[PDB]
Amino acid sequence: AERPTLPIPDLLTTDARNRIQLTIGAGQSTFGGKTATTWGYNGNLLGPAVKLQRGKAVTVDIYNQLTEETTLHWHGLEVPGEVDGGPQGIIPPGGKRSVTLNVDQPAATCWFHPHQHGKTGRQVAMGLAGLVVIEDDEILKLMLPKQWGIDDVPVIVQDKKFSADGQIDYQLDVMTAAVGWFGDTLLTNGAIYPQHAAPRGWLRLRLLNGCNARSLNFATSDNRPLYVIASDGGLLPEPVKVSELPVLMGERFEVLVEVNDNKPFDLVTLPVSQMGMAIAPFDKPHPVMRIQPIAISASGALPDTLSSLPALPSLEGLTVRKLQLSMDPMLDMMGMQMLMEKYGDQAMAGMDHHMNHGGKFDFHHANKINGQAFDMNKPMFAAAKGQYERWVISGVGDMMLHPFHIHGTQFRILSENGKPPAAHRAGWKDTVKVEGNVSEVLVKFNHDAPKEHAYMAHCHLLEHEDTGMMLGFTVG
């Protein structure tokens, strides 16, 4: 049979009352011909793309039609803690919460997802994620590819696994608390290996790694390059040509790729050096989507310059914050042993060369920052507002992958896991790799966050977050 077409999320803008309505609910999806219960925003799975303009406010009405509590966080958006939608932003089942977002950051592809305390990994795995497209006056002047669903398309890449009855097989247990929840089935905007028909010329892909725990590495099947034009927080100063593009959980990149008549090619993901993630079929390059060229000219441009990136400021005298990530050694050892027992040596491919003892030994609070599993009631510190700070995040002590994300900001990486950042990672980012080493970022918070609606800083391997690798912090 033919491949399904790539689903395109609807691009949603405000009504005359300046409102956007988002309903959170459960329904059914089909994978490989089997029904599964799934959750979506304005539908059964995934969500729309909310379109925002710098310097304009919009109000979002969010209706929770699940039978459990949830929250809605705008990952990548710089907004006050009161509307950030972290764990304290509870929407009761059957209830509604509204937030007004005063957009004040450059054009970028952001996203939105639940942040329910202890349950973010399950709620994302069940289907909840959406996109945010921020525009400003500067980006439209570039005449980039801009026809949504034609030559400007979002690509949300996620894995799942399913039980024999067809349902999503999600579990937060000792194994996934150590290495993450991952599966054997790859979805692209919710579909299995779709095709996208694109006009001749440049195709813009807005890539999101929406996996709970799997890192990805994008490339093309015939080795045509990808031109990175933007990272998590917006445009790079000029395009950066790459042959492969690693993308950590929750990160976005926008790339341009050439489309030529008569030569279909796949976007693929290459095997990564992360524990568990190279089990067949991910031990080999894995298709993400087929690009099918159409003999109609695409009008978008790849300009030589995209934007102005300010210099880093002097670092001397800035507040230096230390964030030590850690995992309980026993539960790290127990979860890695269960991974190895299940899959064998292949669970470490590509890597470098039982009784109840009480609540003190519960894996649900085994992962930590600065010696503490996440305490919703006690922000760990008060950061300055309007001031640059150097945050130093260490994963020394274990070898798991921790894509570390800080709410309320777009930062600049100074060191990524002990090395200067790659050029396409040197601009605006909201995630930094931490893996067995130390990262340092330059952050500034433009908005307040009080104790009651604090900002989060956390590993975005969701099963680590949910078992304690998160802290709250206030601003102002």
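The first residue of the sequence shown is number 1, and the count goes up from there. By rigid core we mean the largest C-alpha set that fits within 1.5 Å across both forms.
The segment moving more, judged by mean Cα distance from this form in 7 other deposited structures of this protein after a core overlay, is 310-318 among 310-318 and 75-83. The stretch that moves more in 7 other deposited structures of this protein, judged by CA deviation after a rigid core superposition and choosing between 320-328 and 260-268, is 260-268. Modelled in this chain, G358 is nonetheless unresolved in at least one third of the other entries of the protein that span it on both sides.
Coordinates are lacking for 10 or more deposited residues between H353 and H354.
Higher mean CA temperature factor, per the PDB entry, when comparing 286-294 with 359-367: 359-367. In this crystal structure, the stretch out of 396-404 and 209-217 whose C-alpha atoms carry the higher mean B factor is 396-404. Highest C-alpha temperature factor among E251, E389, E244, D152, as the PDB entry reports it: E389. Within the listed group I192, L140, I134, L226, the record reports its top CA B-factor for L140. Annotation for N42: C-alpha temperature factor in the lowest third relative to the rest of the modelled chain, per the entry.
Ranked by C-alpha B-factor against the other modelled residues of its chain, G427 falls in the middle third. Ranked by Cα temperature factor within the chain, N262 sits in the middle third according to the deposited record.
When the modelled residues of the chain are ordered by C-alpha B-factor, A49 sits in the lowest third. When the modelled residues of the chain are ordered by C-alpha B-factor, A384 sits in the highest third.
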